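>>> Below is the sequence, then the experimental coordinates.
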Amino acid sequence: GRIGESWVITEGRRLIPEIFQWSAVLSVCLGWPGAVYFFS
Amino acid sequence: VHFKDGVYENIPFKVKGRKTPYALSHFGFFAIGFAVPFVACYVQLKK
Amino acid sequence: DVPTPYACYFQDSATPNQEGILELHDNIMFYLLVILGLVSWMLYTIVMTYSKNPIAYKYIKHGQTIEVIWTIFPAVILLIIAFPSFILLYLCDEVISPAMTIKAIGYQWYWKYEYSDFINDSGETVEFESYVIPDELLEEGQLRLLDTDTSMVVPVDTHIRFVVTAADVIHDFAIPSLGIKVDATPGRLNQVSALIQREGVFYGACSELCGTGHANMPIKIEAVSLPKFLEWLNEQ
Amino acid sequence: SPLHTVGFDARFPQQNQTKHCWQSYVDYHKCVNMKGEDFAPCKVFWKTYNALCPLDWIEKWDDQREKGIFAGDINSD
Amino acid sequence: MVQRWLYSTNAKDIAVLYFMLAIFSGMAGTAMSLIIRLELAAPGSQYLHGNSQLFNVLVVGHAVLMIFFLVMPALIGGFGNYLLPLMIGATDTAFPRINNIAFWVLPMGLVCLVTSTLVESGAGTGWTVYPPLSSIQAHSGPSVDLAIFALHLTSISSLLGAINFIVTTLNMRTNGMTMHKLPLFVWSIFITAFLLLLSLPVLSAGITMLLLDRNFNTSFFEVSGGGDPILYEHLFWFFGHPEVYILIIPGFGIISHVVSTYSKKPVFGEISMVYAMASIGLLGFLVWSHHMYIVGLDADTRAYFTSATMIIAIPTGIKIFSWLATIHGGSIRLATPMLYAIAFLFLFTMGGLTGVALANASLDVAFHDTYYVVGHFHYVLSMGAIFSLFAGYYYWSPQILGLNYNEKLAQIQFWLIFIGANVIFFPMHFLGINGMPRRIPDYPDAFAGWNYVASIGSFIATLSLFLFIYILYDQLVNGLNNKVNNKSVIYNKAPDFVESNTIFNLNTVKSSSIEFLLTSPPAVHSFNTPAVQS
Amino acid sequence: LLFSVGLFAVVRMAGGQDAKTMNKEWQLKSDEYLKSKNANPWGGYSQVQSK
Amino acid sequence: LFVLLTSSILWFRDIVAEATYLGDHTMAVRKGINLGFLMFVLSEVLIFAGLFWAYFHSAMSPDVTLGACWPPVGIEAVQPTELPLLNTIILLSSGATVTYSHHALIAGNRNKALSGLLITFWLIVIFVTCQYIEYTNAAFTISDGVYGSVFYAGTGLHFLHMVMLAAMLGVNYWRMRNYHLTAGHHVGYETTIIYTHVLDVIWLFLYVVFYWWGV
Amino acid sequence: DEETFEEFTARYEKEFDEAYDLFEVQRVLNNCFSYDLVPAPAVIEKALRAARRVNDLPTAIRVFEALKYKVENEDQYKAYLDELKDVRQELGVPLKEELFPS
Amino acid sequence: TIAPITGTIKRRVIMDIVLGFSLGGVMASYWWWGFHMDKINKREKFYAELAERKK
Ligand code: HEA
Ligand code: HEA
Ligand SMILES: [Cu+2]
């Protein structure tokens, strides 16, 4: 109820949505090492 | 001095004119956008 | 060491002060990266949640207790990151048992180095010249903007002071590997403490405007074995 | 110079050493050009004006004294 | 008919004219910076035959032009003379003659600086004019004198404008308005004007002293003759750092106004941070000397300077978190002001992070004059000034013209400048750690790929400027179409799930000032009645 | 982006050749000279940039 | 330069002529012009203070070489002292006698005001003549070898503000000759009341030192 | 400063006594839902009768779907379900059978 | 029909700040530890040649 539904997202923000944050910075690895490999 | 409604006259240019329908003055603005560095280079060196 | 294309790491440390300051800066930038990640996650979660926010709250103003909590958090954080900075600066600004001195008073658009600490044959000073190598003089065996007429030899495993000054315009004695850089006022005089630990070749430049020939004023130093260094100071 | 020639800096530990050579040279000149016999009292701080102080200023002062015209704001006595 | 554009007694014409002058200077600076980066695209002489003298001439032209004719005039003058006396309820601002004199002494500066840049000798010492680097022996001719005269006249213009703003705030306040609860923009302009009034005269005195040295051939700061140029170096620092505050704080006020009028919620700790900004303005005279750590000051002096420079750095994070709370719990719209403010705040967080990395004095020994310092201030100045001006324009164009601007063009413009800035500024970390040596016309070819990507980003910025001018043309030619259809944004803020269509139509804006619902700028006689507020 | 890359390509083509030295073999010789002695940091990685 | 100066003076006298002639004067215009003129004189005061501090800063002698201990003994150049002391002392006397003569004028506006204006004209003429006597061959030619020319340069640059003070007094007198500046929306009086009070303080600051110090 | 919240409620009822159009209903609903407080069934019924004083069924849809989606409140459903059921059965506003099957 | 309300302001910011700190710390620390162990092994090797120079 008040406690059971409180942890739906309170403790769920560490394993459910971290993929979004990880992919929000994934551009660096695909972009800059790719350019390094292309030029060198 | 107090006859400006303030809809299209606020700009310090005249919209009217067949020779310059905001086409000659703005092309001059285009020219002067890159004119000063080009002439600065041209005075001492080549472009 | 030597600048390299598409590098990913700082050059090898040449003095213990360099390694200490780089490690402390690494810890500082670790803290900076974690707080930047904090702020980035703040922004990301807030925008993602409120791109479809149903209700806009309006009556939360100060929260004085938690307000002063995040007001006193940065102060203690900066004090914590400054205590190692405090001890590092207190150790670095002092000179502990210096051994010898090398001086560099470069003229306009080129460098000049002085080795008055060592005697060439008997009493007389050691002094030489060093000028840039342009494209026309860039033959097979020289580097553009990285090779000078004469290299600068350094005594390995020896505490060395850098009594640096200028003549006409401020010239910047820059050796990134040694972690040394001081702008030399022509009328003033500045000295710093350092000592090279390993044997190697390092390149530098002038990171301070000189004039028309400011660019072609490189610094080319090197390190060799102690008998070889002593012999070089003997012959020159 | 095995990491120790003069020990800890005591003459002027600060990085800036602008007004450093003149004081290190005036006492030496006074002790030298007074009788020309004994220099023992002023025979301990040689490295102060030999390595810590640039030798260019020292040789410039020596040349100026030799030629009879000095550039520094000093006193004849 | 020409007295309106030559003897404008009204503030709005002067504001738009300053905007035009600043945008012209900015586009010229951007084009010539593109030329410079093309010269630095690859080592050697591909387009310019070496000429390091000419190289530093255009480098100093770059710096001086964008600092003195792009960021300064419009960003303060337009917003000040359009809001500060208008929102308070004053009928008309005083001192039209002073503003006209400032305008008409400006072309002296423009022409003199053009002649100074277009002589064979020229002045090319960069933004630093400390002798004997700025000596007449290398940079001969009249360039130094013309630059000094331009400095003097620009300082006079800015100081007189600040005086007019200050007297308007102090005297033209309406009866129904408390001083403690002034809006953040008013306090921002107040602090900026007072810091300018306490900073510009010192630099003006130093510049006059240098002019006397160059004319009468005296010995004050030359190394020969027992001079101390470090005095003028400290004067320039105590100008620039408060001048950095002058350039940034009005941007902070503009962002605060945007977020307050958009997010529909109050700014967290509004009065507390008004007091904090007052403290910043009072204490800015103590953190001006964190750049001279290597000149030869004492260790205790280094400790004092570093202690000050990281003890006055908390309010930056305080403002970051306050605006984060201001956008927290409310409604955020996919509008250009939102994204402009978000990008500006994020890149400012990275810039402040780099500055905090620079705050330490021990690390400065190996970090000063490296690439990291120039990368840091390019970060902070570039994003701050450029994004603040862009957000101000895209947030205020319907406020001063009433003709809607395309949403699609604005979004693609933002994306272009944003991607250009990111691709330019990301590799600077590697560039700093390697130690790219600054101000070299022919740098070592090791950084060739990074120079290539920097040139690509610069050219992206230039085509973005072309998009800017084309967007201006599109607005001028199709404002009526934008008003007719939905191709452009019609209302600043979207309604919430509480409002009926008619109610929102008759309650389109609930802001803190009448400017939003004030009709397109009326004649020179506006605000005929005082503003009453309770 | 396409306009950027195309205009850069055409302006580079119109610029013409402006480097009579520093070919690939020049860089190879310089890297071999630098990375043959004097306490090399694992032989370096100074690859030639491009054509 | 002379025709530019005449054009500027003509523009100033013209604009004060339209100010006195068009009328339409309220408290707004008078207060605004008075505040603006006070700001201008405050800027002039700040310029004076900056110029004074330009040569005042040599107190602790923080230099490095060729001096670093004022005075840098070793050079016997021309001493700038004792040349302008007559001018500064007669200016001190004039400032002392006009510290409240302007207020006496504004209170009375009678024949005593005419006498005050006449004596002011005579004293400023004496000042400009005693400045003009040493015009070219004052100390030497300013071409090379500078050791003590800083005081002379300071006096030369300070004389200019007195020059425009005399010019504004003359243009005010001619404006009264044109019958425009009466006891209404006064612009000359509203500034000349505080001109002496804002001038004497800074001149005493510049005279207590820079003449009794640095010799 | 954790100020009182019933003062704004009493302001809502005193404006209800001065209510003259649906505009005041919109204003009071926006002000009440803006606050962090969860409205009790009493004040919810007061808002509902204020909206029905002009007899505007779309306003009833607004208030009901706002109650369904006012505040996450750690994802409170069952209380919301029973509250919506009773505030529906008091008068009868069947609308969830239309927009949901879309 | 719950009467005691207005108790959600305190914990929202607390959970947000702790989650942000944890996520930023982990994200930074990954590459920080990787590049740090790279540097530490390189420095240990360099110390090995430094010792062997005098040995
Ligand atoms: C005001 C701060 C500022 C800003 C914004 C910039 C912006 C930029 N700077 Fe500069 N720079 C300095 C301050 C600044 N710089 C300083 C102090 C120096 C050192 C000076 C020296 O030592 O001489 C320097 C030096 C410097 C150098 C060193 C010169 C060298 O030796 O070769 C380089 C190198 O390329 C460079 C590049 C750039 C680039 C690519 C940008 C790009 O960010 C440019 C992008 C800018 C735009 C986006 C402008 C858009 C134009 C508009 C039309 C505006 C429209 C707005 C409205 C009116 C609505 N800068
Ligand atoms: C927009 C303007 C701006 C801003 C905001 C800053 C911000 C800062 N700057 Fe910088 N700076 C410049 C403009 C700016 N700077 C310019 C033009 C120069 C070049 C001048 C010259 O050297 O030539 C320069 C150079 C410069 C130097 C010169 C380096 C050297 O000596 O050569 C130093 C050195 O200390 C420095 C320090 C700082 C610091 C500590 C901050 C801090 O205030 C940053 C504040 C932000 C943070 C606080 C981070 C985000 C918030 C937090 C994570 C909160 C928690 C963290 C802490 C409280 C520890 N700056
Ligand atoms: Cu600072």
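Now that the structure is in, tell me what you want to look at. Residues are numbered from 1 along each chain as shown, chains lettered A, B, ... in the order given. Ligands and ions are numbered 1, 2, ... in the order given.

>>> Minimum distance to chain F, which residue of chain I gives it?
Sorted by distance to chain F under C-beta to the nearest C-beta, the residues of chain I start with residue I:49, at 7.6 Å. (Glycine included, C-beta is placed from N, CA and C.)

>>> Once you drop chain neighbours, what's closest to that residue?
Excluding the flanking residues, the one nearest residue I:49 by C-beta to C-beta, 6 or more residues apart in numbering or on different chains is residue C:198, at 7.2 Å.

>>> check which helix or strand covers the residue nearest to residue G:109 when sequence neighbours are not counted.
Using C-beta to C-beta, 6+ apart and skipping residues adjacent in sequence, the residue nearest residue G:109 is residue G:183, 6.4 Å away. Using DSSP states H and E, residue G:183 falls within no helix or strand.

>>> quick one: residue G:183 and residue G:108 touch, right?
No: under the criterion of C-beta atoms under 8 Å, residue G:183 makes no contact with residue G:108, lying 11.4 Å away.

>>> what about those two, which has more around it?
residue G:108 (11 against 8; other C-beta atoms under 10 Å in any protein chain shown).

>>> Next one: the more buried one from chain H, what distance?
Separation of residue G:108 from chain H (C-beta to the nearest C-beta, to the nearest Å) stands at 62 Å.

>>> One more: residue C:93?
As for residue C:93, its distance to chain H is 49 Å (criterion: C-beta to the nearest C-beta).

>>> What's the local residue count around that residue?
Residue C:93 has 20 neighbouring residues, counting by other C-beta under 10 Å.

>>> Identify the residue spatially nearest to it, adjacent ones excluded.
What sits nearest to residue C:93 in space, not counting adjacent residues and going by C-beta to C-beta, 6+ apart, is residue E:299, at 4.4 Å.

>>> quick one: contacts for the residue of chain G most remote from its centre?
For chain G, the C-alpha farthest from the mean C-alpha position belongs to residue G:65; by C-alpha atoms, centre = their mean, that distance is 36.7 Å. For residue G:65, the contacting residues are C:187, D:18, D:72, E:226, by C-beta atoms under 8 Å, 6 or more residues apart in numbering or on different chains.

>>> residues from chain B in reach of ligand 2?
Counting by C-beta under 6 Å from any ligand atom, no position of chain B is adjacent to ligand 2.

>>> What are the boundaries of the helices in chain B?
Assigned by DSSP state H, the helices in chain B fall at B:24-44.

>>> Distance-wise, check the residue most central in space within chain D relative to residue C:190.
With distances taken as C-alpha atoms, centre = their mean, chain D has residue D:25 as the residue nearest its mean C-alpha position (2.8 Å). Here the criterion is C-beta to C-beta, to the nearest Å. By it, residue D:25 lies 19 Å from residue C:190.

>>> Repeat that for residue G:137.
Using C-beta to C-beta, we find residue G:137 at a distance of 45 Å from residue C:190.

>>> now do residue E:224
As it turns out, when the distance is counted by C-beta to C-beta, residue E:224 lies 19 Å from residue C:190.

>>> Check residue E:314 too.
With C-beta to C-beta as the criterion, residue E:314 and residue C:190 are 33 Å apart.

>>> Could you check how far the residue nearest to the centre of chain D is from chain A?
In this view, residue D:25 and chain A are 57 Å apart by C-beta to the nearest C-beta.

>>> Excluding chain neighbours, give the residue nearest to that residue in space.
Looking at residue D:25 with C-beta to C-beta, 6+ apart, the closest residue is residue D:49, at 5.8 Å.

>>> Show the residue spans covered by the helices in chain D.
Along chain D, the segments classed as helices by DSSP H run D:21-32, D:46-47, D:55-67.

>>> related to what we said a few turns ago, share the number of residues neighbouring the residue nearest to residue C:93, please.
Other residues lying near residue E:299 total 16 when counted by other C-beta under 10 Å.

>>> and if you look at residue F:45?
The criterion is other C-beta under 10 Å. On that basis, residue F:45 has 14 neighbouring residues.

>>> Torsion angles phi and psi at it?
Note on residue F:45: its backbone torsions stand at phi -140, psi 30 [degrees, to the nearest 10].

>>> do residue E:17 as well
With angles defined as degrees, to the nearest 10, residue E:17 shows backbone torsions of phi -70, psi -40.

>>> likewise residue E:164?
phi -60, psi -40.

>>> contacting residues for the nearest residue to it once chain neighbours are set aside?
Taking C-beta to C-beta, 6+ apart as the measure, residue E:164 lies nearest to residue E:95, with 4.8 Å between them; neighbours along the chain are not counted. Contacts for residue E:95 were tallied using C-beta under 8 Å, 6+ apart; they are E:160, E:164, E:167, G:32, G:36.

>>> still on that earlier bit, would you format the helices of chain D as a markdown table with distance to residue E:425 included?
As requested, the helices of chain D are arranged in a markdown table below (distance: least, C-beta to C-beta, whole Å):
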| stretch | distance to residue E:425 |
| --- | --- |
| helix D:21-32 | 46 |
| helix D:46-47 | 49 |
| helix D:55-67 | 44 |
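
>>> All good on my end, thank you.
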